Amino acid sequence: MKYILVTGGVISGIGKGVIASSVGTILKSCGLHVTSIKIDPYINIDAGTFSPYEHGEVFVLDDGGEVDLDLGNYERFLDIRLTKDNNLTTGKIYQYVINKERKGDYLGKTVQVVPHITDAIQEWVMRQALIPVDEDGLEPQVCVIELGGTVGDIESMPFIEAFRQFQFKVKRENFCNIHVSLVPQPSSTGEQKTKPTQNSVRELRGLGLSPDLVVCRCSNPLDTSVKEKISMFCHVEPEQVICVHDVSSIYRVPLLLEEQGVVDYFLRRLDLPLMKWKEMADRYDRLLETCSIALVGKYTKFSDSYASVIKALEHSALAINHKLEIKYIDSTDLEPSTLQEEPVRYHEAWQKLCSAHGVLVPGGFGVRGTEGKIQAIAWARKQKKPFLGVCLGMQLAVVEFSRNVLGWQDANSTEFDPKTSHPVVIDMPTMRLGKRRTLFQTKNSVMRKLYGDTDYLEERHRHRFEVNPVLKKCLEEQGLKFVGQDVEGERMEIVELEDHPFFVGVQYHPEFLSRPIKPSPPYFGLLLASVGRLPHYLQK
Amino acid sequence: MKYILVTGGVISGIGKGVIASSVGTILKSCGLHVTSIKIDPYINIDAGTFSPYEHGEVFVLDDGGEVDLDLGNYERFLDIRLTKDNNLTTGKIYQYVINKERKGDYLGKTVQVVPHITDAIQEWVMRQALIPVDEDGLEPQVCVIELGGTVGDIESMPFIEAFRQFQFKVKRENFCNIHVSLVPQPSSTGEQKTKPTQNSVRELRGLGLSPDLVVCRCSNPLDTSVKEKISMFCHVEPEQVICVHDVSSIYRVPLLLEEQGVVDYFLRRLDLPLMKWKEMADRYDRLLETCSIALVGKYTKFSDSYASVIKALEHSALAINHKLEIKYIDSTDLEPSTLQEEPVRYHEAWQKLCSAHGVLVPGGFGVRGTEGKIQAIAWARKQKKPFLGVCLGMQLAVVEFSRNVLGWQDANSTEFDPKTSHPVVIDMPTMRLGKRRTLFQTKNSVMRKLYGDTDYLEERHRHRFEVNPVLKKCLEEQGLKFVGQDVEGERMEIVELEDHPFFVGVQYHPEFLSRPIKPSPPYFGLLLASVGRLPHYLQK
Amino acid sequence: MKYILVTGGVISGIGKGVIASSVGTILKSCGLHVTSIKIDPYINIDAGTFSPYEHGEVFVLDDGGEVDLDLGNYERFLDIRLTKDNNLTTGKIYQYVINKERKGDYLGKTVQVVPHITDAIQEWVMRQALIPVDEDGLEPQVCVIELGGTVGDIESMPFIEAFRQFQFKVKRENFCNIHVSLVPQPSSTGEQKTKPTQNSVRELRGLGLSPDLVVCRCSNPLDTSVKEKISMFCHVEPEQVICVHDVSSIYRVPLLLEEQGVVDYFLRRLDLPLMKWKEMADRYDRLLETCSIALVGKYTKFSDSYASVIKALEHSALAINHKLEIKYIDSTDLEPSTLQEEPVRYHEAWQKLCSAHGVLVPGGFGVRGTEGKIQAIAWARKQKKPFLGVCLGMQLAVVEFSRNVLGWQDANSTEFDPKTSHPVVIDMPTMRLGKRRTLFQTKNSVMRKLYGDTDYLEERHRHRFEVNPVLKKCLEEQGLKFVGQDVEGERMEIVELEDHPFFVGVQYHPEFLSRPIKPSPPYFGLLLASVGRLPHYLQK
Ligand SMILES: CCOc1cncc(-c2ccc(C(=O)NC3(c4csc(NS(=O)(=O)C5CC5)n4)CC3)nc2)n1
Ligand SMILES: CCOc1cncc(-c2ccc(C(=O)NC3(c4csc(NS(=O)(=O)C5CC5)n4)CC3)nc2)n1
Ligand SMILES: CCOc1cncc(-c2ccc(C(=O)NC3(c4csc(NS(=O)(=O)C5CC5)n4)CC3)nc2)n1
Ligand SMILES: O=c1ccn([C@@H]2O[C@H](COP(=O)(O)OP(=O)(O)OP(=O)(O)O)[C@@H](O)[C@H]2O)c(=O)[nH]1
Ligand SMILES: O=c1ccn([C@@H]2O[C@H](COP(=O)(O)OP(=O)(O)OP(=O)(O)O)[C@@H](O)[C@H]2O)c(=O)[nH]1
Ligand SMILES: O=c1ccn([C@@H]2O[C@H](COP(=O)(O)OP(=O)(O)OP(=O)(O)O)[C@@H](O)[C@H]2O)c(=O)[nH]1
Ligand SMILES: NC(=O)CC[C@H](N)C(=O)O
Ligand SMILES: NC(=O)CC[C@H](N)C(=O)O
Ligand SMILES: NC(=O)CC[C@H](N)C(=O)O
Ligand SMILES: [Mg+2]
Ligand SMILES: [Mg+2]
Ligand SMILES: [Mg+2]
């Protein structure tokens, strides 16, 4: 097994996740089976505790692992399926060691950070690197480990110490360290600043790792004198100093690393034996036709709260050869209390919603913005604007429908209004979480045709609340149709509505299975419908 | 609440525990209710996982807390009773925070070392400092926290960071830091070396604590030039530089701190309002009469494996106004395989055993040295040498007795020989651990008279194995007498033998309740018997 | 004496110099006599070794100190006159201590960094803080010390250690630390990043200084959540977290600190008792009329190479109530070899030069771009465009004049062409450096009238080369006039030319004496002439 440790220097958020993923897709293009691990130095066991505001969205794996969105970057760049233990945490490691201690497995010896935590990290990394994540079922050849946080974080210390030991346990032909750093360019003096990078590399070396590539997150391309200064003060060759500058699309990021000889460096160093990315980028840079989707979100205060949702829309948009204008709406703007309190942002949000071709209502938990989602679904239903409801957006659409077409003005989810006389959405447990099979109940469903005319579908879930089986037939009588159901029949997993071009609720998360080469069918159908090309697509 | 943090500088083992305890007994003599906390930066939840070779003996508290021997130093210097949570560990803290995270109590925020672990440490210290440990039932006024390990240990970092925050949360009149350091005196150049102390204080200050006293563990009294150099290079007044040099007895250690104005410093700094130690020391330095006890131990490879046992013997010896020669015997030396393999150490151990006045067989777990304990008990029974069997030594004495006086040559504990046809000691559960009540079953018992003629006794246990109730009457028929029993009658907790000056088995651990002013009655009876003064004592 | 230490966090160049100067001008407006010290942790004794590309221009003091441009910021914000020893360096300190050691002054003791270098720094700072730098001749009340570099620089370590000692030697009412840090705002995630600031403050605290204000260099105004996160993770009150964001002019920077209560904080902390800046800013933001000056420079590759020159132009521009467009030209672009090699940048530079109202030829040393300066002066003379030649630009103008009006095609400075038969500029020594007196030789000189009709002038010099006294009368015959001469008459210090609105050479550096309220008369005359208002000005 070859190991590449990607460490972060000055700040999080400098695209270290897409660099790690690009390094992997580079090595995948070299014919290698590549796996990846994310180390998150937080004490949290999983991302299931977090809001979408903490680290961005909680990404969901087949096994029901609620994990960091960098695992979604790995899956989206590498076409692999990961498990819970590919997201390593301080919580996982300390609990492992504590449980092992209580069981007596450390044989009455004093359990310490070094060795016992640092050994546990190495054990975990070796253990997990050998697990087939590629759908081929083959053992990986390279494991790209991203160490989250910065190298100066107190939490990162045991992981860096573990990797310091690891580079002697595993040989130098099997271990490489990449350091992703920030090079500021202040508007005062106009120079690109090497100082934080040399300080960060000095910290890294003080912890016993020497960076084998230093990757500068730079806005503009690197000055020769600055690349020279980095080679000097970070004590590496010019060959080892990469600048990943701003480029036109994500699709240029592997190309930019390839151009800088990162491919050649790894093949050489690790003793080893991108035209798709080129043509995706070249098509993206030549888009003229434009589509707009209203993203009527709860978490819209931070864009990364809907990261994979946006990625799935962008896959779908590029696949239909259109540019995309995602109209990010805070759903609390559409709620009538904002009409009395701050009518400016109400009418801005409604202007955005009215001017979008399609409506996306993504997932979420809790009451805030739910009536704004219902407002947007009402608009979408009445005006016959293409609609995708994802999880919460399916649940709220079934509610919205009943509030109109059954007159159930009291109706809601039991999550929001438990004292309703029409609990059309009810708790049906813990969380239905990870991959399950949905069965298609009707050949005439638009979603079955988009899902390749398959009789079943396997998709990733993260829900407690389901549509009420008692009220099902009252809804379904009125030209709603629960076309996708669970294997038990008890859970309504996809819904369509008659006499509308595309009004679809999906109870799962299609966005987690979306790849550029294979856009998630509900998001694709939405994009197709928003351009009026869905009938043409279905006819072909 | 006033807090004193005692940090360790260069090494563990430089008497930081007895300094922390002496600081406490000083403040207790100032009229304050003093409690103490031990922070052990290990990942172990408790000391119950350890051998006696790791950190010395596992000390046991009333609540059944298996803890570090520094808690025993606290109890022995302060006359307090501690609980489990007075021994803080990294395991305890991380598990607390992880459980709290899984329960959702951190509200979807990223749980980090700073703040969440460092807050948890402060919470714990404040929480536990308010708990009455003094038998008076009053709230403490001072909490002495000993930080175990060294300040440069990776494990100590969150605790020092917690205390860095704490000194601003709690005010400077309520927080003081003592740093216990080593000053080497090499035989090469003869100078006392300040270098490790200034480096250690520099590390401590780099972590944001400034030492308010620097306590030099010095062999010889400190040179004026060296005390000057410490005041300079550790950036403190000469007033703040203590040397705790080698002195004649433990009883001189509080006096030596008192003499150096540590009393005055604390009273001043913490905005607050030893003749017993003097007379104990003065009596100790004037002992002429000498008694010898054979300590026939399993763990005798390291002396601190029987720390509180030795302390109890020394209490008892000083109380009878005799000097003590503890003949530390490795019990594997008395086992006949050593007679064939290495007869020199066999005859050395037997020479020691034969030349002792009394025999002590302390506790332990596992087979190694158990037949050597049985050998020593056989000697003690036959030669009528005063015998104290503690826990294992009670169990093995009941076995030894049966092997002779019932002819049960096969007999043992089920722990050692489960395939015996005479399991005279059997498992009777988990561990009977912490304080329970024993009831005295006979007025004529020597042990009842030593325990003040009380009908009951409360003592600290740590055993799974008990004497077999079925075989009880076969043993008791032959002039053995199980004078102390549990409240249920099922468990035999003290045994005596007829026609011997003092042959006592106790199933508990008397050594944990031993204080200088109140020597544990079984160890006192042993010492009295070994001098032949036990009849005279009982007659009075 | 009150001391304020301004430390740099993440990078140099984030305006720490103008923050230190603004803190000083704030305290000056509070009625205090303020001095300042710049510590440059480089081993260089002075800035006289440097090119203008290293740290920006070499600023010159009255005493002939060649120093960092931050001393010029101090003089320009505070209206003080500094000396050599207000620029402290590692070179100065180590040489001081070494010389003192060789003299035996350390009394046979081992001279170390701590104490002897760190004491020397404290000695120097106390010594120099008491020196009257205010033209009032009064002793300072506050000393603002800027520590150059970053806090993580190896070179900064003794200075931070010195200041760590200093805050106990000098009391807390007399010492304050400000930390100027960078808060990045990446275009990826859009968040303002606290991480480098908390890491930098953690480093600072590891070296024993706690920041009393943390000053965030932010592009945009600080988010409340980010200011909160800084207060948490940098362990200071929200009161202590300043953001110095991008603002319309330099004149807003003291106002922005005032608004954030920095005034109040210092008055409180240091136990002490801006309408000009407001009206300068308000006038600057209301400029409509625009003037352009061609800056035909050698060092124009980096703008800060001509820092005080640009400042003097901007003073002059604002004083005449015009906006300024400085047309920064690399003089090597105007040299005919660029016409053959790269004619695009030749014609760009010439287009800039032709389209400017006035021409500035600043100072420099060495041959590169000197013929381009002569090209620009030829243009300025012939086209009668307002000309200011500063030092090199005076020397080259005398040369240019002789090349035309005396036909001396071979003529140059001896610095450039020593083998000329017309050395019209010659070496006349070392460097004439610092303040000297020039005497005005003619009442009818435009420069005498601009300099208040004074018979003498005292200005700051930095030249070896002078105009040749033998060739003087050949030049002066032709309607050149050396109106300003040295007290010895041997050195030609100001030259004017007849039949031109403003063609002035000054041999000194007027830019170092320029203040916003008192623009340097040669730069003012240039700006006036470039608008055609110079006759009107002289008439009044
Ligand atoms: C160190 C990185 O440096 C730089 C430098 N310059 C630019 C970028 C950059 C970063 C993110 C983005 C981005 O997110 N773009 C979108 C998208 C579509 S598809 C996808 N990602 S994906 O599904 O994994 C697929 C690839 C396998 N992203 C439209 C939403 N676009 C540009 N990154
Ligand atoms: C920083 C310490 O520096 C120095 C300097 N010089 C000497 C010692 C020193 C350390 C330990 C010992 C020791 O262990 N002695 C014994 C004993 C009897 S009673 C008891 N401790 S006790 O029960 O808690 C009771 C007091 C409340 N210990 C005989 C076994 N004797 C001397 N310590
Ligand atoms: C931490 C600083 O943060 C920020 C935030 N936003 C903006 C600026 C900012 C920095 C520098 C400049 C600047 O250099 N401007 C000029 C000028 C004229 S006069 C003079 N300085 S001066 O002569 O000393 C006089 C004052 C006493 N400078 C025109 C050349 N303008 C804006 N600085
Ligand atoms: O990729 C990852 C994974 C985990 N984490 C972890 O999240 C926690 C926060 O680490 P950040 O770098 O987000 O720091 P911060 O929020 O204190 O500061 P700014 O964002 O304002 O710059 C730390 O515990 C870190 O290890 C990341 O930062 N990034
Ligand atoms: O071999 C050498 C050479 C030089 N020096 C130098 O002498 C100075 C003192 O270094 P020391 O190690 O003697 O330290 P100290 O006097 O502060 O402390 P103790 O002796 O009490 O332990 C330091 O500047 C060091 O580099 C030596 O210590 N030893
Ligand atoms: O204000 C000052 C004074 C002095 N110096 C000193 O200049 C030297 C360089 O310190 P810099 O911070 O300029 O670092 P660098 O050139 O290595 O990196 P970048 O500019 O690319 O970020 C160091 O010795 C420092 O102390 C400054 O940086 N700034
Ligand atoms: N994933 C989601 O969007 C959650 C929807 C809803 N709160 C549920 O628990 O079913
Ligand atoms: N505390 C001891 O000495 C233990 C004795 C024996 N191993 C038991 O478990 O009972
Ligand atoms: N200060 C300057 O511009 C220097 C001019 C010229 N090189 C001299 O030494 O005189
Ligand atoms: Mg963050
Ligand atoms: Mg020495
Ligand atoms: Mg630099």
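So for chain A, numbering is Swiss-Prot's, and the shown residues are 1-273, 282-437, 447-557, in order.
Any Cβ shown, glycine's included, is placed from N, Cα and C.
Over in Swiss-Prot, the protein carries these features:
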- A:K100: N6-acetyllysine (MOD_RES)
- A:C399: active site, for GATase activity (ACT_SITE)
- A:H526: active site, for GATase activity (ACT_SITE)
- A:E528: active site, for GATase activity (ACT_SITE)
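Annotation for A:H526 (active site, for GATase activity): same-chain Cβ neighbours under 8 Å, separated by at least 6 residues, are A:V60, A:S316, A:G371, A:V398, A:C399, A:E476, A:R477, A:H478, A:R479. Each residue contributes its Cα atom, and for A:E528 (active site, for GATase activity) and A:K100 (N6-acetyllysine) these two points are 38 Å apart.
Other Cβ atoms within 10 Å of the Cβ of A:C399 (active site, for GATase activity) number 22 in total over all chains. A:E528 (active site, for GATase activity): 27 other CB atoms within 10 A of its CB, across all protein chains. Within its own chain, A:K100 (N6-acetyllysine) has A:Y106 as residues 6 or more apart in sequence whose C-beta sits under 8 angstroms from its own. The secondary structure of A:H526 (active site, for GATase activity), as reduced to three states from DSSP, is coil rather than helix or strand. DSSP classifies A:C399 (active site, for GATase activity) as coil under the three-state reduction.
Secondary structure at A:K100 (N6-acetyllysine), taken from DSSP and collapsed to helix, strand or coil, is helix.
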